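Text of the file structure_34.tsv, holding TSV, N, CA and C atoms:
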```tsv
chain	number	residue	atom	x	y	z
A	1	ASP	N	-77.30	-43.71	77.49
A	1	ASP	CA	-76.34	-44.06	76.44
A	1	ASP	C	-76.71	-43.46	75.07
A	2	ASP	N	-75.70	-43.11	74.27
A	2	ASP	CA	-75.84	-42.17	73.16
A	2	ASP	C	-75.26	-42.71	71.85
A	3	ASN	N	-75.62	-42.04	70.75
A	3	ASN	CA	-75.14	-42.33	69.40
A	3	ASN	C	-74.29	-41.18	68.89
A	4	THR	N	-73.04	-41.45	68.52
A	4	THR	CA	-72.25	-40.40	67.90
A	4	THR	C	-72.82	-40.04	66.54
A	5	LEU	N	-73.11	-38.76	66.34
A	5	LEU	CA	-73.50	-38.23	65.04
A	5	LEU	C	-72.38	-37.47	64.35
A	6	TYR	N	-71.42	-36.97	65.12
A	6	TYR	CA	-70.29	-36.21	64.61
A	6	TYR	C	-69.23	-36.19	65.69
A	7	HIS	N	-67.97	-36.29	65.28
A	7	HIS	CA	-66.86	-36.38	66.23
A	7	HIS	C	-65.62	-35.88	65.51
A	8	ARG	N	-65.19	-34.66	65.83
A	8	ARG	CA	-64.20	-34.00	64.99
A	8	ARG	C	-62.91	-34.81	64.95
A	9	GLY	N	-62.48	-35.12	63.73
A	9	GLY	CA	-61.30	-35.92	63.50
A	9	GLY	C	-61.58	-37.36	63.14
A	10	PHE	N	-62.78	-37.85	63.41
A	10	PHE	CA	-63.10	-39.27	63.30
A	10	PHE	C	-64.20	-39.58	62.31
A	11	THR	N	-65.26	-38.78	62.24
A	11	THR	CA	-66.39	-39.15	61.40
A	11	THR	C	-66.37	-38.45	60.05
A	12	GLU	N	-65.32	-37.72	59.72
A	12	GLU	CA	-65.27	-37.11	58.40
A	12	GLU	C	-64.65	-38.12	57.48
B	1	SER	N	-86.62	-4.19	74.76
B	1	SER	CA	-85.48	-4.09	75.66
B	1	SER	C	-84.14	-4.14	74.90
B	2	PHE	N	-83.09	-3.63	75.54
B	2	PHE	CA	-81.73	-3.90	75.10
B	2	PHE	C	-81.14	-5.07	75.86
B	3	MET	N	-81.41	-5.15	77.16
B	3	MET	CA	-81.03	-6.31	77.95
B	3	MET	C	-82.15	-6.59	78.94
B	4	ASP	N	-82.56	-7.86	79.05
B	4	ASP	CA	-83.50	-8.22	80.10
B	4	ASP	C	-82.70	-8.93	81.20
B	5	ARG	N	-82.27	-10.16	80.97
B	5	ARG	CA	-81.09	-10.64	81.68
B	5	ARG	C	-79.86	-10.63	80.75
B	6	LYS	N	-80.06	-11.06	79.49
B	6	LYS	CA	-79.11	-11.03	78.38
B	6	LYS	C	-79.63	-10.04	77.34
B	7	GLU	N	-79.03	-10.06	76.15
B	7	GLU	CA	-79.46	-9.19	75.05
B	7	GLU	C	-80.77	-9.68	74.45
B	8	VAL	N	-81.75	-8.77	74.34
B	8	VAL	CA	-83.07	-9.08	73.81
B	8	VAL	C	-83.12	-8.71	72.34
B	9	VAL	N	-83.59	-9.63	71.50
B	9	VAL	CA	-83.78	-9.34	70.08
B	9	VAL	C	-85.10	-9.91	69.60
B	10	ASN	N	-85.42	-9.59	68.35
B	10	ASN	CA	-86.67	-9.98	67.71
B	10	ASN	C	-86.41	-11.21	66.86
B	11	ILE	N	-87.02	-12.34	67.25
B	11	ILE	CA	-86.74	-13.63	66.64
B	11	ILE	C	-86.87	-13.56	65.13
B	12	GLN	N	-88.00	-13.02	64.65
B	12	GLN	CA	-88.20	-12.90	63.21
B	12	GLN	C	-87.07	-12.10	62.57
B	13	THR	N	-86.83	-10.87	63.07
B	13	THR	CA	-85.78	-10.03	62.51
B	13	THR	C	-84.51	-10.83	62.27
B	14	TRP	N	-84.16	-11.69	63.23
B	14	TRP	CA	-82.92	-12.45	63.14
B	14	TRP	C	-83.01	-13.55	62.10
B	15	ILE	N	-84.14	-14.28	62.08
B	15	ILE	CA	-84.34	-15.37	61.12
B	15	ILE	C	-84.08	-14.90	59.69
B	16	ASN	N	-84.48	-13.68	59.39
B	16	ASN	CA	-84.35	-13.15	58.04
B	16	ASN	C	-82.99	-12.55	57.77
B	17	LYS	N	-82.11	-12.50	58.76
B	17	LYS	CA	-80.81	-11.89	58.51
B	17	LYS	C	-80.14	-12.63	57.35
B	18	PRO	N	-79.31	-11.95	56.56
B	18	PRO	CA	-78.68	-12.64	55.42
B	18	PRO	C	-77.75	-13.77	55.85
B	19	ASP	N	-76.99	-13.57	56.94
B	19	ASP	CA	-76.06	-14.59	57.41
B	19	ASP	C	-76.75	-15.93	57.63
B	20	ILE	N	-78.03	-15.91	58.00
B	20	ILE	CA	-78.70	-17.11	58.49
B	20	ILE	C	-78.82	-18.12	57.35
B	21	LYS	N	-78.11	-19.24	57.49
B	21	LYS	CA	-78.23	-20.36	56.57
B	21	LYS	C	-79.32	-21.34	57.01
B	22	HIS	N	-79.57	-21.48	58.31
B	22	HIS	CA	-80.61	-22.40	58.79
B	22	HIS	C	-81.24	-21.87	60.06
B	23	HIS	N	-82.31	-22.54	60.47
B	23	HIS	CA	-83.12	-22.11	61.60
B	23	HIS	C	-83.91	-23.32	62.06
B	24	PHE	N	-83.92	-23.58	63.37
B	24	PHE	CA	-84.56	-24.79	63.89
B	24	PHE	C	-85.20	-24.54	65.25
B	25	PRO	N	-86.52	-24.55	65.36
B	25	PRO	CA	-87.14	-24.53	66.69
B	25	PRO	C	-86.72	-25.74	67.50
B	26	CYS	N	-86.66	-25.55	68.82
B	26	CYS	CA	-86.33	-26.62	69.75
B	26	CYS	C	-86.58	-26.11	71.16
B	27	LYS	N	-86.16	-26.89	72.14
B	27	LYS	CA	-86.16	-26.47	73.54
B	27	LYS	C	-84.81	-26.83	74.13
B	28	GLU	N	-84.11	-25.86	74.72
B	28	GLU	CA	-82.91	-26.22	75.45
B	28	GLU	C	-83.32	-27.05	76.65
B	29	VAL	N	-82.53	-28.07	76.97
B	29	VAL	CA	-82.75	-28.90	78.15
B	29	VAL	C	-81.62	-28.68	79.14
B	30	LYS	N	-81.99	-28.36	80.37
B	30	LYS	CA	-81.06	-28.18	81.47
B	30	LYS	C	-80.89	-29.48	82.24
B	31	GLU	N	-79.77	-29.58	82.97
B	31	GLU	CA	-79.61	-30.70	83.89
B	31	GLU	C	-80.75	-30.74	84.90
B	32	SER	N	-81.18	-29.56	85.37
B	32	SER	CA	-82.31	-29.47	86.28
B	32	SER	C	-83.57	-30.10	85.70
B	33	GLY	N	-83.63	-30.27	84.38
B	33	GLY	CA	-84.79	-30.81	83.73
B	33	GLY	C	-85.70	-29.78	83.11
B	34	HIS	N	-85.55	-28.51	83.46
B	34	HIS	CA	-86.41	-27.50	82.86
B	34	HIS	C	-86.10	-27.36	81.38
B	35	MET	N	-87.09	-26.95	80.62
B	35	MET	CA	-86.91	-26.81	79.19
B	35	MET	C	-87.38	-25.43	78.77
B	36	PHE	N	-86.72	-24.90	77.75
B	36	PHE	CA	-86.91	-23.50	77.37
B	36	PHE	C	-87.04	-23.43	75.87
B	37	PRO	N	-88.23	-23.19	75.35
B	37	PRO	CA	-88.43	-23.01	73.91
B	37	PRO	C	-87.42	-22.03	73.32
B	38	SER	N	-86.76	-22.46	72.25
B	38	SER	CA	-85.66	-21.69	71.72
B	38	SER	C	-85.64	-21.84	70.20
B	39	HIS	N	-84.62	-21.26	69.58
B	39	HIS	CA	-84.44	-21.35	68.13
B	39	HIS	C	-82.96	-21.38	67.85
B	40	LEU	N	-82.46	-22.51	67.36
B	40	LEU	CA	-81.07	-22.59	66.94
B	40	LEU	C	-80.93	-21.94	65.57
B	41	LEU	N	-80.16	-20.86	65.49
B	41	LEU	CA	-79.91	-20.18	64.23
B	41	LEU	C	-78.47	-20.43	63.80
B	42	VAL	N	-78.30	-21.01	62.62
B	42	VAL	CA	-77.01	-21.49	62.14
B	42	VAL	C	-76.53	-20.58	61.03
B	43	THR	N	-75.31	-20.09	61.15
B	43	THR	CA	-74.69	-19.29	60.10
B	43	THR	C	-73.54	-20.09	59.52
B	44	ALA	N	-72.80	-19.46	58.61
B	44	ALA	CA	-71.71	-20.17	57.97
B	44	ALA	C	-70.57	-20.41	58.93
B	45	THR	N	-70.50	-19.65	60.03
B	45	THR	CA	-69.44	-19.81	61.01
B	45	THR	C	-69.91	-19.92	62.46
B	46	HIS	N	-71.16	-19.62	62.77
B	46	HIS	CA	-71.60	-19.64	64.16
B	46	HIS	C	-72.94	-20.34	64.32
B	47	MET	N	-73.28	-20.67	65.56
B	47	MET	CA	-74.59	-21.21	65.88
B	47	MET	C	-75.12	-20.50	67.12
B	48	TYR	N	-76.17	-19.70	66.93
B	48	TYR	CA	-76.80	-18.96	68.01
B	48	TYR	C	-77.93	-19.77	68.60
B	49	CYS	N	-78.27	-19.46	69.84
B	49	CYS	CA	-79.44	-20.05	70.46
B	49	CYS	C	-80.22	-18.90	71.05
B	50	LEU	N	-81.41	-18.66	70.51
B	50	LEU	CA	-82.27	-17.58	70.97
B	50	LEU	C	-83.31	-18.18	71.89
B	51	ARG	N	-83.35	-17.72	73.13
B	51	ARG	CA	-84.30	-18.25	74.10
B	51	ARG	C	-85.54	-17.38	74.06
B	52	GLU	N	-86.67	-17.97	73.70
B	52	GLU	CA	-87.90	-17.21	73.62
B	52	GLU	C	-88.21	-16.60	74.98
B	53	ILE	N	-88.63	-15.34	74.97
B	53	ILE	CA	-89.17	-14.69	76.16
B	53	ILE	C	-90.67	-14.87	76.10
B	54	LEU	N	-91.19	-15.66	77.03
B	54	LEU	CA	-92.60	-16.03	76.99
B	54	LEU	C	-93.48	-14.79	77.08
B	55	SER	N	-93.30	-13.98	78.13
B	55	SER	CA	-94.11	-12.80	78.41
B	55	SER	C	-93.99	-11.69	77.37
B	56	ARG	N	-93.16	-11.82	76.33
B	56	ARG	CA	-92.99	-10.78	75.32
B	56	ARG	C	-92.93	-11.48	73.97
B	57	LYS	N	-94.08	-11.56	73.29
B	57	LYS	CA	-94.17	-12.34	72.07
B	57	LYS	C	-93.14	-11.88	71.03
B	58	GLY	N	-92.56	-12.84	70.33
B	58	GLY	CA	-91.64	-12.54	69.25
B	58	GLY	C	-90.30	-12.00	69.68
B	59	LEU	N	-89.98	-12.04	70.96
B	59	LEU	CA	-88.69	-11.60	71.45
B	59	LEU	C	-87.94	-12.76	72.08
B	60	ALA	N	-86.62	-12.69	72.01
B	60	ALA	CA	-85.77	-13.72	72.57
B	60	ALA	C	-84.50	-13.10	73.13
B	61	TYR	N	-84.03	-13.70	74.23
B	61	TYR	CA	-82.64	-13.55	74.66
B	61	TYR	C	-81.69	-14.16	73.64
B	62	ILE	N	-80.53	-13.54	73.49
B	62	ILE	CA	-79.42	-14.21	72.82
B	62	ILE	C	-78.75	-15.03	73.89
B	63	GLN	N	-79.15	-16.30	74.00
B	63	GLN	CA	-78.71	-17.15	75.09
B	63	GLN	C	-77.29	-17.67	74.92
B	64	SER	N	-76.76	-17.74	73.69
B	64	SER	CA	-75.40	-18.24	73.50
B	64	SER	C	-74.98	-18.07	72.04
B	65	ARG	N	-73.68	-18.17	71.79
B	65	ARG	CA	-73.19	-18.08	70.42
B	65	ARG	C	-71.87	-18.83	70.32
B	66	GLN	N	-71.90	-19.98	69.66
B	66	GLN	CA	-70.74	-20.84	69.57
B	66	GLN	C	-70.20	-20.88	68.14
B	67	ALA	N	-68.90	-21.12	68.04
B	67	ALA	CA	-68.24	-21.21	66.75
B	67	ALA	C	-68.28	-22.66	66.29
B	68	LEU	N	-68.83	-22.88	65.09
B	68	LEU	CA	-68.87	-24.23	64.55
B	68	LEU	C	-67.52	-24.91	64.66
B	69	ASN	N	-66.45	-24.18	64.33
B	69	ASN	CA	-65.09	-24.70	64.48
B	69	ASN	C	-64.78	-25.20	65.88
B	70	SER	N	-65.55	-24.85	66.89
B	70	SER	CA	-65.28	-25.37	68.21
B	70	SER	C	-66.21	-26.53	68.58
B	71	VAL	N	-66.95	-27.09	67.63
B	71	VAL	CA	-67.77	-28.26	67.90
B	71	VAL	C	-66.90	-29.49	67.76
B	72	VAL	N	-66.94	-30.37	68.76
B	72	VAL	CA	-66.11	-31.57	68.66
B	72	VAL	C	-66.96	-32.84	68.62
B	73	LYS	N	-68.09	-32.86	69.32
B	73	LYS	CA	-68.94	-34.04	69.28
B	73	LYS	C	-70.40	-33.62	69.26
B	74	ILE	N	-71.21	-34.37	68.52
B	74	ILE	CA	-72.66	-34.22	68.50
B	74	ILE	C	-73.26	-35.60	68.68
B	75	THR	N	-74.04	-35.79	69.73
B	75	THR	CA	-74.62	-37.09	69.97
B	75	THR	C	-76.12	-36.94	70.13
B	76	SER	N	-76.85	-38.00	69.78
B	76	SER	CA	-78.27	-38.11	70.10
B	76	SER	C	-78.43	-39.24	71.09
B	77	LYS	N	-79.39	-39.11	72.00
B	77	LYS	CA	-79.66	-40.20	72.92
B	77	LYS	C	-80.26	-41.37	72.17
B	78	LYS	N	-79.96	-42.57	72.65
B	78	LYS	CA	-80.58	-43.74	72.07
B	78	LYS	C	-82.05	-43.79	72.46
B	79	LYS	N	-82.34	-43.72	73.76
B	79	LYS	CA	-83.73	-43.75	74.22
B	79	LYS	C	-84.57	-42.62	73.63
B	80	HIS	N	-83.99	-41.44	73.43
B	80	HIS	CA	-84.73	-40.29	72.89
B	80	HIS	C	-83.93	-39.62	71.81
B	81	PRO	N	-84.08	-40.06	70.56
B	81	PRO	CA	-83.16	-39.62	69.50
B	81	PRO	C	-83.31	-38.17	69.07
B	82	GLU	N	-84.34	-37.45	69.49
B	82	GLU	CA	-84.42	-36.03	69.17
B	82	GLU	C	-83.73	-35.16	70.21
B	83	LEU	N	-83.10	-35.77	71.21
B	83	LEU	CA	-82.35	-35.06	72.24
B	83	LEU	C	-80.90	-35.04	71.82
B	84	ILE	N	-80.45	-33.91	71.31
B	84	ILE	CA	-79.14	-33.78	70.70
B	84	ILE	C	-78.25	-33.02	71.66
B	85	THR	N	-77.11	-33.60	72.01
B	85	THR	CA	-76.10	-32.93	72.82
B	85	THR	C	-75.01	-32.37	71.91
B	86	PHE	N	-74.63	-31.13	72.15
B	86	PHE	CA	-73.49	-30.51	71.49
B	86	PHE	C	-72.34	-30.37	72.47
B	87	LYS	N	-71.14	-30.76	72.04
B	87	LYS	CA	-69.96	-30.72	72.88
B	87	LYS	C	-68.91	-29.86	72.19
B	88	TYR	N	-68.44	-28.81	72.88
B	88	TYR	CA	-67.50	-27.84	72.34
B	88	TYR	C	-66.16	-27.91	73.06
B	89	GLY	N	-65.10	-27.64	72.33
B	89	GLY	CA	-63.77	-27.64	72.90
B	89	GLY	C	-62.73	-27.88	71.80
B	90	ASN	N	-61.72	-28.71	72.17
B	90	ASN	CA	-60.63	-29.07	71.27
B	90	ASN	C	-60.50	-30.58	71.17
B	91	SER	N	-60.09	-31.06	69.99
B	91	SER	CA	-60.02	-32.48	69.69
B	91	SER	C	-58.74	-32.77	68.92
B	92	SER	N	-58.08	-33.87	69.28
B	92	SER	CA	-56.90	-34.32	68.57
B	92	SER	C	-56.87	-35.84	68.61
B	93	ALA	N	-55.74	-36.42	68.19
B	93	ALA	CA	-55.60	-37.87	68.15
B	93	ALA	C	-55.75	-38.48	69.54
B	94	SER	N	-55.10	-37.88	70.54
B	94	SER	CA	-55.06	-38.47	71.88
B	94	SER	C	-56.42	-38.45	72.56
B	95	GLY	N	-57.26	-37.48	72.24
B	95	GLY	CA	-58.57	-37.41	72.86
B	95	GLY	C	-59.21	-36.06	72.63
B	96	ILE	N	-60.04	-35.67	73.60
B	96	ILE	CA	-60.99	-34.58	73.43
B	96	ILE	C	-60.95	-33.72	74.68
B	97	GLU	N	-60.97	-32.40	74.49
B	97	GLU	CA	-61.03	-31.43	75.59
B	97	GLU	C	-62.40	-30.76	75.54
B	98	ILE	N	-63.21	-30.97	76.57
B	98	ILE	CA	-64.58	-30.48	76.60
B	98	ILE	C	-64.63	-29.19	77.40
B	99	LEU	N	-64.98	-28.09	76.74
B	99	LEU	CA	-65.13	-26.81	77.42
B	99	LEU	C	-66.58	-26.39	77.62
B	100	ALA	N	-67.50	-26.79	76.75
B	100	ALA	CA	-68.90	-26.42	76.93
B	100	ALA	C	-69.79	-27.50	76.32
B	101	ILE	N	-71.01	-27.62	76.86
B	101	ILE	CA	-71.99	-28.63	76.48
B	101	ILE	C	-73.37	-27.99	76.46
B	102	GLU	N	-74.05	-28.06	75.32
B	102	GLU	CA	-75.43	-27.60	75.20
B	102	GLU	C	-76.31	-28.75	74.72
B	103	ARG	N	-77.50	-28.88	75.31
B	103	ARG	CA	-78.44	-29.97	75.01
B	103	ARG	C	-79.77	-29.41	74.53
B	104	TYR	N	-80.20	-29.82	73.34
B	104	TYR	CA	-81.45	-29.34	72.78
B	104	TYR	C	-82.32	-30.51	72.38
B	105	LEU	N	-83.60	-30.40	72.67
B	105	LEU	CA	-84.59	-31.32	72.15
B	105	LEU	C	-85.11	-30.74	70.84
B	106	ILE	N	-84.71	-31.33	69.72
B	106	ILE	CA	-84.92	-30.71	68.40
B	106	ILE	C	-85.93	-31.51	67.62
B	107	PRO	N	-87.07	-30.92	67.23
B	107	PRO	CA	-88.08	-31.57	66.39
B	107	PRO	C	-87.59	-32.41	65.24
B	108	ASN	N	-86.80	-31.87	64.32
B	108	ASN	CA	-86.33	-32.69	63.22
B	108	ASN	C	-84.86	-33.00	63.41
B	109	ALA	N	-84.59	-33.74	64.48
B	109	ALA	CA	-83.22	-34.03	64.88
B	109	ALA	C	-82.36	-34.40	63.69
B	110	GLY	N	-82.81	-35.37	62.90
B	110	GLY	CA	-82.10	-35.80	61.71
B	110	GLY	C	-81.73	-34.66	60.78
B	111	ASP	N	-82.73	-33.92	60.29
B	111	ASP	CA	-82.45	-32.85	59.34
B	111	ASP	C	-81.54	-31.81	59.96
B	112	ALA	N	-81.85	-31.41	61.19
B	112	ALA	CA	-81.08	-30.37	61.87
B	112	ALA	C	-79.60	-30.73	61.93
B	113	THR	N	-79.28	-31.85	62.59
B	113	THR	CA	-77.88	-32.23	62.74
B	113	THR	C	-77.20	-32.39	61.39
B	114	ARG	N	-77.92	-32.90	60.40
B	114	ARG	CA	-77.31	-33.03	59.09
B	114	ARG	C	-76.98	-31.66	58.51
B	115	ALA	N	-77.84	-30.67	58.75
B	115	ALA	CA	-77.57	-29.32	58.28
B	115	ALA	C	-76.35	-28.73	58.98
B	116	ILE	N	-76.37	-28.77	60.32
B	116	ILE	CA	-75.23	-28.29	61.09
B	116	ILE	C	-73.96	-29.03	60.69
B	117	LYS	N	-74.02	-30.36	60.65
B	117	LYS	CA	-72.84	-31.13	60.27
B	117	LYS	C	-72.30	-30.66	58.94
B	118	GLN	N	-73.18	-30.37	57.98
B	118	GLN	CA	-72.71	-29.96	56.67
B	118	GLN	C	-71.99	-28.63	56.75
B	119	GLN	N	-72.49	-27.72	57.58
B	119	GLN	CA	-71.78	-26.48	57.83
B	119	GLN	C	-70.40	-26.75	58.43
B	120	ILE	N	-70.36	-27.53	59.51
B	120	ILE	CA	-69.10	-27.85	60.19
B	120	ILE	C	-68.03	-28.35	59.22
B	121	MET	N	-68.44	-28.99	58.13
B	121	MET	CA	-67.50	-29.49	57.12
B	121	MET	C	-67.65	-28.78	55.75
```
Could you render the structure from this file as structure tokens?
Amino acid sequence: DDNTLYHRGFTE
Amino acid sequence: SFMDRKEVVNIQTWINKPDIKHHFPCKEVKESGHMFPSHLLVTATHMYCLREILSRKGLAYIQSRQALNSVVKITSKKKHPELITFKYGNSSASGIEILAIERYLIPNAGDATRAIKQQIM
């Protein structure tokens, strides 16, 4: 299981 | 060499190129579990991965070259936070289209991803 560090469209 | 299996270049020569905004030692991780000492080289528009050629000091394969604009997700593992997965493809409201995935074990995971992320935006 993982941690989002960047997700185009969502984390900006 | 010009090609060993892929294109062979001189790691140092590349690090000093003007385009290069960042540079990060790491090891690519395969599903098989094998790991390959490499160097992620980040430009204003691309991210290269140079795979060190062990038997030839200071030389690397150009193992891949992705467009920052095609990065859609970057995750770190919880159990091992220096293991950074890169996910490439297309992203919209409805969801995500995954075309390629690269996994690197990166020494300064935090600094690295923050540098790449800053380029991406």
* To do: Write out as a PyMOL selection string which residues come within 6.5 Å of stretch 48-57 of chain B when counting only N, CA and C atoms, dropping same-chain ones fewer than 4 positions away.
  => chain B and resi 36-43+61-66
* Within 6 Å of residue A:4, counting only N, CA and C atoms, which residues qualify if same-chain residues fewer than 6 places away don't, as a list in words? -> residues 74, 75 and 76 of chain B
* **5 Å contact set for residue B:103, only N, CA and C atoms, chain neighbours under 2 positions out, as JSON, numbers by chain** => {"B": [28, 29, 84, 85, 86, 101, 105]}
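For chain A, the residues having at least one atom no farther than 6 Å from chain B, when counting all atoms listed in the file, are residues 1, 2, 3, 4, 5, 6, 7 and 8 of chain A.
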* atom CA of residue B:47 to atom C of residue B:7, straight-line distance in Å -> 15.6 Å
